[PDB]
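Take a look at this one chain, the form deposited in one PDB entry, written out in structure tokens.
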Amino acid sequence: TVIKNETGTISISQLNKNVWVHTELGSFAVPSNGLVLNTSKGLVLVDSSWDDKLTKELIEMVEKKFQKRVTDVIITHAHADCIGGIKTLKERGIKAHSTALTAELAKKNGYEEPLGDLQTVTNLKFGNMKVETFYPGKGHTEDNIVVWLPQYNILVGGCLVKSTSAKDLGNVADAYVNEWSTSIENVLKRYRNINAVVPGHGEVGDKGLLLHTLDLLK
């Protein structure tokens, strides 16, 4: 099941029951993924979108479909594709969770500041939905974190994991290429039984995406 907006720039795909993947296209047409979690107590998103226009539209779209409000959003790192609509979240009473590092880099990049509440390992529970945020170390960026849904064994790798047809690591000006490999290793050592892994850009895959990325980093 895929729900799209009129322009075709924003789509929502269902991984299963309460887990959907949201994708938006930014102009430069670059796609970026995040998650939408339908819980008994509001909608929880993993990352926003490129800017406030797309983010506001993404939000008013999932709130319309699920007839609930987006209560929280987990920002995986301080780049436009993840923290682009931080302003939109803050004026709608939506909590923008992030590590302290992500929060400071956000301000350094001219974005409004998120909560900076996530520690290296943080477990959040929204209704019956369980979420785990993990900072594996420096990789795509210095602050990048991954998200893990223990009930589905779904891992949101974010820009730290490349899709299967991506042969380019992407922007490495802010990246730590040498440490990237160790950081993926920490994710692999931490989560032994992964089912699906969502890349920052691209189709949902499996742990083979982490191996693929380690290959690109060699």
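Numbers follow the displayed sequence, beginning with 1.
Gap check for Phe28 to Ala29: 1 to 3 deposited residues are absent from the model. Stretch comparison (131 to 139 versus 77 to 85) by mean CA B-factor in the PDB entry places 77 to 85 on top. Stretch comparison (100 to 108 versus 113 to 121) by mean CA B-factor in the PDB entry places 100 to 108 on top. Note on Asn171, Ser40, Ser181, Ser163: the highest value goes to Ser40, judged by CA B factor as recorded. Sort the modelled residues of the chain by CA B factor and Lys53 lands in the highest third. When all modelled residues of the chain are sorted by CA temperature factor, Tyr176 is found within the lowest third. In the deposited entry, the Cα temperature factor of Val70 places it in the lowest third of its chain's modelled residues.
Among the modelled residues of its chain, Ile10 has a C-alpha B-factor that falls in the highest third, as given in the PDB entry.
Placement of the Cα temperature factor of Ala196 within the chain: middle third of the modelled residues, per the deposited record.
There is also a form solved in complex with a small molecule; it is not shown, and the following applies to it.
Although the partner is absent here, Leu124 is not a contact residue: none of its heavy atoms lies within 4.5 angstroms of the small molecule in the entry with it bound. The shortest heavy atom separation between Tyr191 and the small molecule in the entry with it bound exceeds 4.5 Å. Using a 4.5 angstroms threshold between heavy atoms, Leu115 stays clear of the small molecule in the entry with it bound. Proximity of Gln67 to the small molecule in the entry with it bound falls outside the 4.5 Å heavy atom cutoff. This chain is drawn without the small molecule; in the entry with it bound, the residue among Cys159, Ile184, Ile59, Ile154 with a heavy atom within 4.5 Å of it is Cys159. Picking from 142 to 150, 128 to 136, 92 to 100, 77 to 85 the stretch near the small molecule in the entry with it bound, with a 4.5 Å limit on heavy atoms, gives 77 to 85.
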